[PDB]
Every structure is written in structure tokens, then in C-alpha cells.
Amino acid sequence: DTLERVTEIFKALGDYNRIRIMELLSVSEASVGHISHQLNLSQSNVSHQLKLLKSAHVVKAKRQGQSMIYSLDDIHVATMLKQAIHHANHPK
């Protein structure tokens, strides 16, 4: 089950726009409106992707005022992404 859950985590990340969303969130937590604005994605699209990411426990949301603010779920997720980005960058 552990490895099946890990599989689900990686499957959730296997998408360019979701990676763009994750990366933006690694810079700062954000509302849907802000994510859409920053990434030139529609709010309906962003909401759909976040639902998917949230189901896979890679992003979380908290309520500020009456708005949901999204962030990477926790440090493990942040570390996974930062290490992956770095890995993609260095010479092979």
C-alpha cells in the first residue's frame, strides 16, 4: 500500500501545468485567482488541477477571510520538488 500510495503521488505530479502550479506554490502560498493570474491558466482549470493535487495530498488549503489559500502540503513535498528541479537542471 505504501508504494501504491507513492505511485499515486507521482502520477499526480506527472503533468506540466500541475508542475507549474506546484512550483509557483513553492515560491509562495496562493489563492486560485492568483495562481490563474500568474500562470495564465483559467480559474476553472486551476480549480480542477488543485482538486487533483489535493486528493493526492501534495497540496493543502487553508481559509483566510473567506478565501482558500493553497500551499504545498508539507516539507517532504517541497523537498521532492526542489530536488527534482535541481536534478533536471544539472549536467548529465
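Residue numbers here begin at 1 and follow the sequence given.
Asker: Taking only the CA atoms, which stretch has the higher mean B-factor in the record, 74 to 82 or 8 to 16?
Answerer: Looking at the recorded C-alpha B-factors, 8 to 16 comes out higher on average.
Asker: Lowest, middle or highest third: where is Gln49 by Cα B-factor in its chain?
Answerer: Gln49: CA B-factor falls in the lowest third of its chain.
Asker: Sorting by Cα B-factor within the chain, modelled residues only, which third would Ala61 end up in: lowest, middle or highest?
Answerer: Ranked within chain, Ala61 CA B lands in the middle tercile.
Asker: Quick check for you: using the entry's CA B-factors within this chain, is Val27 in the lowest, middle or highest third?
Answerer: As the PDB entry reports it, the C-alpha B-factor of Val27 lands in the highest third of its chain.
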